[PDB]
Amino acid sequence: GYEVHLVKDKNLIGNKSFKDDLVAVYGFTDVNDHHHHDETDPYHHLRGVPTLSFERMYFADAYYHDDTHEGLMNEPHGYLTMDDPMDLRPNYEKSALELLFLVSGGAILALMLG
Amino acid sequence: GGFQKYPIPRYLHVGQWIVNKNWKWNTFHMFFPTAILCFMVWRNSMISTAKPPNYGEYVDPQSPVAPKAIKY
Amino acid sequence: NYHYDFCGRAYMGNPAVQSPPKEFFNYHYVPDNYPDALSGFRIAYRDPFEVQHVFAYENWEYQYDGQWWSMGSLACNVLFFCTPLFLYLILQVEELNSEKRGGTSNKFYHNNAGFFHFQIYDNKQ
Amino acid sequence: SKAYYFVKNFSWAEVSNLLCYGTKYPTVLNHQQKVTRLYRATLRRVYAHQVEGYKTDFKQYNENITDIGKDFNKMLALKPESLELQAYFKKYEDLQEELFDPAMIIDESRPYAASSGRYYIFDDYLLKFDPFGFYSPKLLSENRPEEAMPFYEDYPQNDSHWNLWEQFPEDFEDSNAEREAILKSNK
Amino acid sequence: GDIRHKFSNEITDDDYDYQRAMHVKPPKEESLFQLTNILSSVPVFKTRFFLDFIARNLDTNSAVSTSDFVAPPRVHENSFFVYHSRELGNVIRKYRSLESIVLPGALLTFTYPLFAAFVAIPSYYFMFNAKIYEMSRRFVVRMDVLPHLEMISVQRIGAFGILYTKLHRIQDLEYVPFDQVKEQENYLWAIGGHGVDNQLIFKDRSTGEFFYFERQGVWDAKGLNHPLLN
Amino acid sequence: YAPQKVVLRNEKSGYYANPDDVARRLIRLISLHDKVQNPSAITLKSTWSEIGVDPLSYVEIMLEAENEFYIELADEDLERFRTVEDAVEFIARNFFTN
Ligand SMILES: CCCCCCCCCCCCCCCCCC(=O)OC[C@H](COP(=O)([O-])OCC(O)COP(=O)([O-])OC[C@@H](COC(=O)CCCCCCCCCCCCCCCCC)OC(=O)CCCCCCCCCCCCCCCCC)OC(=O)CCCCCCCCCCCCCCCCC
Ligand SMILES: CCCCCCCCCCCCCCCCCC(=O)OC[C@H](COP(=O)([O-])OCC[N+](C)(C)C)OC(=O)CCCCCCCCCCCCCCCCC
Ligand SMILES: CCCCCCCCCCCCCCCCCC(=O)OC[C@H](COP(=O)([O-])OCC[N+](C)(C)C)OC(=O)CCCCCCCCCCCCCCCCC
Ligand SMILES: CCCCCCCCCCCCCCCCCC(=O)OC[C@H](COP(=O)([O-])OCC[N+](C)(C)C)OC(=O)CCCCCCCCCCCCCCCCC
Ligand SMILES: CCCCCCCCCCCCCCCCCC(=O)OC[C@H](COP(=O)([O-])OCC[N+](C)(C)C)OC(=O)CCCCCCCCCCCCCCCCC
Ligand SMILES: CCCCCCCCCCCCCCCCCC(=O)OC[C@H](COP(=O)(O)OCCN)OC(=O)CCCCCCCCCCCCCCCCC
Ligand SMILES: CCCCCCCCCCCCCCCC(=O)OC[C@H](COP(=O)(O)O)OC(=O)CCCCCCCCCCCCCCC
Ligand SMILES: Nc1ncnc2c1ncn2[C@@H]1O[C@H](COP(=O)(O)OP(=O)(O)O)[C@@H](O)[C@H]1O
């Protein structure tokens, strides 16, 4: 339903001339117009909201979209590292580095601290 | 006001328009433990804090606290 | 101020558009090399201009004898060439102050009679 | 227009050519292109200085644009190889230089402008990319083999070779039951 | 297009009335403390004493213009007027009249008249001379034509608001294009030349004196069409 | 919130602004010009010369169109335009922030 209603090969302004018709007073008349009365309510998100809230304080704009309805607001996502969560390899590089970190920390705690 | 929102790849761990549902509990469990850590650091550091005398106090030059020169 | 037409001796890339280079130095690998296959082993086609820039400096060379002095600026080249001499002379002038005062001098001090820093000196039965 | 006048080490002549005409080599342009581009540039600069300026005077703006329009109509009428047309071009190029303003307003809709590239738009390739199966389901058979090709596993994202020999459960039963049964049947 | 009526707690024009001080809207109602309401309510102002005071002690209707055609008194029994300045002339007169009150008053009142003069000198030379004074010197209060002499009498405002008239031969008048003087006197036209017409400047070749005509000045069709000036 | 599933760019319609409104506003701007005589004769398929826009009047109309639409049009694009159809198409498909 992304087709656009655009009129081609037909005039869009019905005025014969700018001087003879008082366009400067009455403006231009429209022909072949696709009238669409849109009564969308700005501040709908603000309707019935407490004063001390994010919507009123910061996001009190004309046509703000709520997170629950905004389809491009992201929840936390992505992979922390390049390692596959479901990997069948008995890989031990991560374990080796974790062991190095832990043993270094333990040596500091048990031999050096204090 | 701001720029128009555009899709962000799911696989990419980025902060573009990230909002967390559990942010209340996350804040609760990130604030108080940090407060306790800072309290421990503060009480540890207070042992090595120095303050000048109060309004009605004077430092006796012969008291041990008074500065002492090196004795060769 | 630097422009390609009037630089003369301070060389730089010309602003005029040019056709891509037909032949240029490229990456080459040792025979029977094991390919690098990180992150799915996806290789993109390299840009000719970028590869040419990558390998141009390594292969650049002086055309004639003595071109180095003239290239760029003679005064700056001579100053760079004499920099080690300037450093040595500054060090000696500074050491004059040390000699006349009594401070640290540029010498291999031998306070320790060959005794290394925190070395273990022991004897065996 | 790319609005890159103050970047890429343009000389003054090149910047003047860019301001007066969209190109850095006006010689390539024809007579009509030269005249129209110069007229557009002059009108743009006059609007910038005498409409969107400091205490601008609209009556003076109207008079100035009218005079410029008459002059440019005469210029267009004139032949390309005329000293009078050359004088007109020099006059209006000098006017452009005189009105040249460092830090002049650059519209945000043009390339190389302030805020031009504040955001990196991700392509459908990145959007689809999902080597692991959390967001886009991942087949146990890594890929779908195509006809006229062998069935090979996809190269993993992480190609570390720090892998142990295959691990098995403790006390794993691995006796060759098939061979034992066949041998028992043979007797 | 307005949807404020759909909500009971939405703002109203009664809530916006307080902005009428900072916002221009046609009057809706009269408050009890308005000047109009006070005057129409308090019976004191209805007294014939106050009414007669209003009628007499204020600007008179006699000086109010009554037509779009003005025939000022002739300067000479045989001359006819052509141009006359209405408002800028009076403003310049009142400004130059300050030199007869502020200046002696400043001398006799200020503790440091030399300090006042030292401050005024650079003030005059920058942002004041070109701003008002030179324009006033070259300003034409009135212009008439004497046909027997074939001359034009021009009235000008002098120091302290004094008015003096001078004669110039019609044969010595020339038109000076604004392009020839814009660069010479950019500052003058920048800050003080707005009142007078830029493209209608004339000068006397013999005496080298300019004539500035007010933009909001009245011209006489008959005077312009007289053969002497054409 | 965006779904956890993979979502791709949705090019709904190439127009980033209502093309009908863009065309009507451009036609009104053109009709405002003195050289233009009959606003009725103007259509999206009408060429500038036939509607009466001279080559020099075209640059004035295009500058005012840039001011009206809050965008900057390059000389190359303005010269490539051949009809009101092309003009409105380019303006409507233009992302006002480039
Ligand atoms: C030994 C006694 C010391 C004490 C006494 C007092 C000091 C006397 C020192 C001598 C000064 C006079 C002689 C210098 C002549 C110029 C150099 C030269 O001959 O090379 C050829 C000369 C330079 O060729 P080039 O460098 O290839 O040209 C580049 C192009 O111009 C394209 O250029 P660009 O547009 O790309 O821009 C690059 C430009 C600009 O580059 C930069 O911006 C980068 C920085 C460059 C270095 C700037 C100087 C920094 C400080 C240096 C300190 C050195 C300390 C170590 C040495 C100590 C020695 C005691 O590069 C240059 O600077 C080139 C100009 C020449 C060099 C000038 C700077 C070094 C001069 C020597 C200073 C020595 C100071 C000693 C005392 C120090 C304090 C104790 O060629 C020319 O003749 C062309 C014209 C160049 C401009 C000349 C300007 C006038 C100079 C004076 C003329 C009259 C001289 C009369 C002499 C009489 C008999 C003694
Ligand atoms: C024992 C006492 C306390 C111990 C604590 C020790 C703390 C040591 C320091 C930790 C630094 C942590 C940095 C985390 C950065 C995370 C990424 C990020 O921010 O976004 C990057 C952004 C965008 O990141 P992104 O959104 O693409 O990705 C975020 C998620 N990841 C990274 C996981 C994919 O990229 C940048 O532009 C780089 C910005 C870097 C800014 C770094 C600022 C550090 C300022 C610290 C001030 C501290 C003051 C100290 C005063 C006292 C000193 C004695
Ligand atoms: C931008 C600021 C720049 C600041 C200036 C930077 C440095 C400039 C150059 C300094 C030169 C100093 C020269 C004197 C020191 C000599 C040291 C020495 O003993 O070497 C002997 C050396 C050998 O030293 P040696 O190491 O064999 O000595 C034996 C060992 N000792 C000494 C320990 C016993 O003999 C030489 O070859 C010297 C050659 C000198 C050639 C002529 C140099 C003239 C320099 C003139 C400079 C301009 C005047 C001064 C300007 C500043 C005034 C404030
Ligand atoms: C090193 C040397 C330093 C020298 C520094 C010199 C500083 C002193 C300069 C003196 C300037 C003198 C100016 C004279 C002004 C008159 C000139 C002239 O002819 O104009 C006639 C003009 C024009 O004359 P007209 O003939 O064209 O018309 C008559 C007036 N109208 C236009 C209304 C019809 O007439 C006047 O302005 C009359 C002014 C009368 C009052 C003058 C004094 C007023 C100030 C009094 C003292 C201060 C207030 C005290 C209050 C006390 C209260 C208790
Ligand atoms: C002696 C030769 C003739 C000198 C003529 C006098 C100078 C030219 C005419 C000046 C007319 C403006 C007088 C304004 C007086 C304001 C009150 C005052 O401070 O008077 C006493 C003071 C002086 O009285 P004083 O000397 O007793 O003050 C004590 C001394 N001081 C102030 C330095 C500590 O007035 C002034 O300082 C006037 C300075 C000269 C102004 C020159 C023109 C520039 C201003 C344009 C006019 C509008 C100014 C509006 C100012 C409003 C308030 C900030
Ligand atoms: C003196 C006069 C001052 C006058 C100031 C006037 C205003 C100044 C300008 C505004 C500045 C502050 C703005 C704060 C806005 C807060 C808005 C808000 O609280 O909204 C309610 C919201 C509920 O959550 P929700 O609606 O889901 O959020 C998404 C909405 N899109 O969120 C909430 O309910 C908030 C609470 C969330 C949960 C918090 C959990 C605890 C967090 C740690 C608390 C630590 C306290 C430590 C105290 C130590 C004491 C010693
Ligand atoms: C040491 C002097 C200190 C200051 C003295 C101030 C005297 C003021 C009274 C001047 C009376 C004579 C005026 C003659 C006019 C004329 O025809 O002047 C004609 C003269 C001569 O002609 P040209 O110089 O143009 O060739 O023009 C001048 O510029 C020279 C005289 C300047 C007089 C300026 C007077 C106004 C001063 C305003 C001060 C700043 C504003 C103060 C608040 C309003
Ligand atoms: N490698 C380069 N070397 C020298 N000059 C360059 C280089 N790249 C760009 N320039 C400069 O960039 C400008 C051209 O910018 P560009 O992004 O190529 O757009 P366009 O070529 O269409 O004008 C020229 O002044 C040109 O001199």
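Please refer to the structure higher up on the page.
Residues numbered from 1 in each chain as written, not as in the entry; some residues may be left out. Chains lettered and ligands numbered in written order. Part of a larger assembly, values for the part shown. Heavy atoms only, no water. Residues with missing side-chain atoms left out of burial classes, pairs and counts.

A. Region of interest: the arrangement of the chains. For this structure, the chain pair with the highest number of contacts among nine pairs of chains in contact is chains A and F. Separated in space, chain B and chain C share no contact, their closest pair of C-alpha atoms being 13 Å apart. (Contact = heavy atoms within 4.5 Å.)

B. Highlighting helix α4 (residues 74-101) of chain C. All names here are of chain C. For α4, built from 28 residues, the straight-helix expectation of 40 Å at 1.5 Å per residue is met to within 8% by its first-to-last C-alpha distance of 40 Å. Taken as a whole, α4 carries its principal kink of about 50° at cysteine 82; the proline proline 84 stands between one and four residues after it. One or two steps after α4, the chain reaches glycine 102, where phi turns positive at roughly 125°. (Helix = DSSP H or I, 4+ residues; strand = E, 2+ residues; numbered from the N terminus. Expected span 1.5 Å × (residues − 1). Bend = angle between axes of the 7 residues up to and from the residue.)

C. Region of the structure containing the sheet that holds strand β7 (residues 209-211) of chain E. Residue and element names in this part refer to chain E. Reading across the sheet, the three strands line up as β5-β6-β7 and stay open at both edges, with antiparallel pairing between neighbours. The strands lining the two open edges of the sheet, one partner per strand, are β5 (173-175) and β7. The average undirected angle you get between the axes of adjacent strands in this sheet is 30°. (Pairing = 2+ DSSP bridges. Axes fitted to C-alpha atoms, helices over the stretch in contact; angles between N-to-C directions.)

D. Geometry of the pairing of strand β2 (residues 142-146) of chain E. All names here are of chain E. With five of five residues buried, β2 is to be regarded as a mostly interior element. Because side chains alternate across β2, one face comprises the buried residues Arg142, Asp144 and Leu146, and the other comprises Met143 and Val145, equally buried. Sheet analysis places strand β1 (residues 80-85) next to β2, joined by four bridges and oriented antiparallel. Across the sheet, the residue bridging to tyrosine 83 is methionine 143, located in β2. Here β2 pairs with strand β3 (residues 151-157) via five bridges, running antiparallel. Bridge pairing in β3 places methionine 143 opposite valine 154. What sits between β2 and β3 in their antiparallel hairpin is a turn of four residues, with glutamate 150 showing a positive phi close to 55°. (Buried < 20%, exposed > 50% of the residue type's maximum accessible area, 1.4 Å probe, protein only.)

E. Examining the interface of chain F and chain A more closely. Chain F puts 28 residues into the contact, and the matching count from chain A is 29 residues. Summing both sides of the interface, chain F and chain A together bury roughly 2,500 Å²; the carbon and sulfur share of this comes to 54%. The interface formed by chain F and chain A holds five salt bridges in total. Between F:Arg28 and A:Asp30 there is a salt bridge; the shortest N-O distance is 3.2 Å. Among the secondary structure elements, those contributing two or more residues to the side of chain F that touches chain A are α1 (19-32) and α5 (84-93) of chain F. (Buried area = accessible area lost by both parts, 1.4 Å probe. Salt bridge = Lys/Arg side-chain N within 4 Å of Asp/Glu carboxyl O.)

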